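**Q** Sending over a structure as structure tokens; questions will come in a sec.
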Amino acid sequence: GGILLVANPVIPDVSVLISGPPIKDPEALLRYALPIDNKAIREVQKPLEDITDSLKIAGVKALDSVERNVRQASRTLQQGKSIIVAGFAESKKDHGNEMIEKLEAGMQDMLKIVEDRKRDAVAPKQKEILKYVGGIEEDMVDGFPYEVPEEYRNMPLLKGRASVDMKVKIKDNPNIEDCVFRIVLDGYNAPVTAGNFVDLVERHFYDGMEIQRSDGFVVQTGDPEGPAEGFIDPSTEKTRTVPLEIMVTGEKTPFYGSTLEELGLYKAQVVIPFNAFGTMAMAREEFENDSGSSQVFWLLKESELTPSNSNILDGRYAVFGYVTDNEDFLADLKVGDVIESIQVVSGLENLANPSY
């Protein structure tokens with residue numbers, strides 16, 4: 001599946017590569033991380049993506065689902081005035097239309113599969129066309145940085161996006177001696193953590209380093225919402241009884257576990273540098289002492305968040321990088337393998353307050 005770069009500020013310089021089945025599609029993740037406020041283009045974007053669910057259907061029926069998603073996206077598009085005017089921006093309004101144009105032709109190509117079957121050799125044409133959607137959106141709200149920092153206003157900051165090529169030397173393997181991975185870093189949402197990583201790439205901090213690999217768990221913590229659009233008449237006002245209950249029909253009643261996944265815990269590959277252990281024991285307690293029962297000591301848990309965390313020690317990470325190429329060869333990384341080099345490929349200008 002998808003592939004990730006995670007970090008904990010105040011605890012910097014050790015950044016974690018997490019990859020595996022539970023990790024969502026890199027490109028989709030970046031698209032949703034763009035600091036744009038345009039419901040119209042998100043509406044075109046939502047289907048187009050659900051097309052992948054449509055392919056989870058067996059038989060010709062999958063196609064009468066993607067045809068559904070395409071006509072959906074296509075329709076909502078004809079509304080290119082809120083996409084075009086409302087949000088397109090300065091110097092990109094031209095390439096933006098270059099993108100809208102290609103999206104329309106691609107949607108027509110997707111349609112041309114009235115040739116029921118051809119369910120392979122044209123379906124992920126879905127990739128092609130979503131890039132054009134990504135492009136529409138990146139061309140939209142530009143202007144770089146939606147907001148700004150707190151106290152770290154003097155540490156490196158990635159006031160944008162940047163790309164990096166990571167060339168790894170993979171040992172003892174017939175079929176592959178080495179691979180190059182492309183990672184995009186998201187400074188719109190992870191200014192501090194992305195800033196630090198590129199800053200360290202610059203001082204060649206990752207070249208010739210060896211890695212450790214292993215398994216960990218990802219608290220892909222909790223996600224979707226509620227509201228549906230299009231205002232009509234009156235139906236609500238009052239909190240009512242949410243107090244005395246055990247609440248509604250198919251929505252609540254006491255916990256429920258059985259496998260780690262059922263508790264929101266998904267297994268993923270975890271690759272780091274190869275280091276040591278450093279401690280700083282404190283906080284607010286008095287719930288300690290003794291023995292009698294517990295313990296063995298293993299498997300790290302990773303809470304995934306947007307930089308919305310503060311001070312002192314442990315628990316929690318912010319997501320800042322996304323592996324967008326050769327994401328399938330990460331599974332071939334073992335302890336002992338070498339990061340030969342990590343070189344910025346684009347976006348270096350977005351780096352402010354560089355130190356190196």
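Chain labels follow the order of the structure tokens: the first chain is A, the next B, and so on; residue numbering restarts at 1 in every chain, and ligands are counted from 1 in their shown order.
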Skip residue A:90 itself and residues of its chain fewer than 2 positions away, then list as a list in words all residues within 10 Å of it, counting only C-alpha atoms.

**A** residues 87, 88, 92, 93, 94, 139, 140, 141, 142 and 143 of chain A

**Q** Generate a file of the selected residues that holds N, CA, C and O atoms, formatted as a tab-separated table (two decimals), in the first residue's frame.

**A**
```tsv
chain	number	residue	atom	x	y	z
A	87	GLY	N	-11.73	30.08	-7.50
A	87	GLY	CA	-10.38	29.83	-7.05
A	87	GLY	C	-9.05	29.67	-7.80
A	87	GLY	O	-8.04	29.65	-7.13
A	88	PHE	N	-8.99	29.66	-9.13
A	88	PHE	CA	-7.72	29.45	-9.87
A	88	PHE	C	-6.39	30.21	-9.72
A	88	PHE	O	-5.33	29.73	-10.19
A	92	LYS	N	-1.36	30.86	-12.57
A	92	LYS	CA	-1.62	29.47	-12.92
A	92	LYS	C	-2.96	29.23	-13.63
A	92	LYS	O	-3.26	28.10	-14.03
A	93	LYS	N	-3.75	30.30	-13.77
A	93	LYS	CA	-5.06	30.26	-14.43
A	93	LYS	C	-4.95	29.76	-15.87
A	93	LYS	O	-5.97	29.41	-16.47
A	94	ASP	N	-3.75	29.73	-16.43
A	94	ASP	CA	-3.62	29.25	-17.79
A	94	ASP	C	-3.38	27.77	-17.80
A	94	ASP	O	-4.00	27.05	-18.59
A	139	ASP	N	-3.15	24.32	-8.86
A	139	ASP	CA	-3.20	25.60	-9.56
A	139	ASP	C	-4.18	26.51	-8.88
A	139	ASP	O	-4.18	27.71	-9.10
A	140	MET	N	-5.04	25.94	-8.06
A	140	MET	CA	-5.96	26.82	-7.42
A	140	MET	C	-5.26	27.65	-6.42
A	140	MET	O	-4.38	28.42	-6.74
A	141	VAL	N	-5.69	27.50	-5.19
A	141	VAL	CA	-5.13	28.29	-4.16
A	141	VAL	C	-3.66	27.97	-4.08
A	141	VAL	O	-3.20	26.85	-3.76
A	142	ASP	N	-2.95	29.01	-4.49
A	142	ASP	CA	-1.54	29.11	-4.55
A	142	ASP	C	-1.43	30.22	-3.52
A	142	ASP	O	-2.35	30.43	-2.74
A	143	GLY	N	-0.35	30.99	-3.62
A	143	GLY	CA	-0.15	32.11	-2.70
A	143	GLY	C	0.67	31.65	-1.51
A	143	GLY	O	0.97	32.43	-0.61
```

**Q** Can you pull out every residue within 7 Å of residue A:193, counting only C-alpha atoms, but drop anything in the same chain fewer than 3 positions away, and send it as an NGL selection string?

**A** :A and (7 or 9 or 190 or 196-197 or 320)

**Q** Please identify all polymer residues within 12 Å of residue A:67, counting only C-alpha atoms, omitting same-chain residues fewer than 5 positions from it, and present them as a PyMOL selection string.

**A** chain A and resi 47-48+50-51+54-55+60-62+72-74+107-116+119+123+126

**Q** Which is closest to residue A:170 among A:347, A:1, A:336, A:12, if we use only C-alpha atoms?

**A** A:336

**Q** Between A:325, A:199, A:302, A:286, single out the one closest to residue A:215, counting only C-alpha atoms.

**A**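 Counting only C-alpha atoms, the residue closest to residue A:215 is A:302.
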
**Q** Check the smallest atom-to-atom distance from each of A:89, A:57, A:268, A:319 to residue A:301 using only C-alpha atoms, then report the winner.

**A** A:268

**Q** Which residues come within 8 Å of stretch 262-266 of chain A, counting only C-alpha atoms, excluding same-chain residues fewer than 2 positions away, as a PyMOL selection string?

**A** chain A and resi 22+217-221+256-260+268

**Q** Tell me, in Å to one decimal, how far atom CA of residue A:201 is from atom CA of residue A:8.

**A**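 One can read the atom CA of residue A:201 to atom CA of residue A:8 distance as 17.3 Å.
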
**Q** List the spatial neighbours of residue A:146 as number ranges by chain - criterion: any atom at most 12 Å away, only C-alpha atoms, same-chain residues fewer than 3 positions off excluded.

**A** A: 33-37, 141-143, 149, 159-160, 187-189, 191
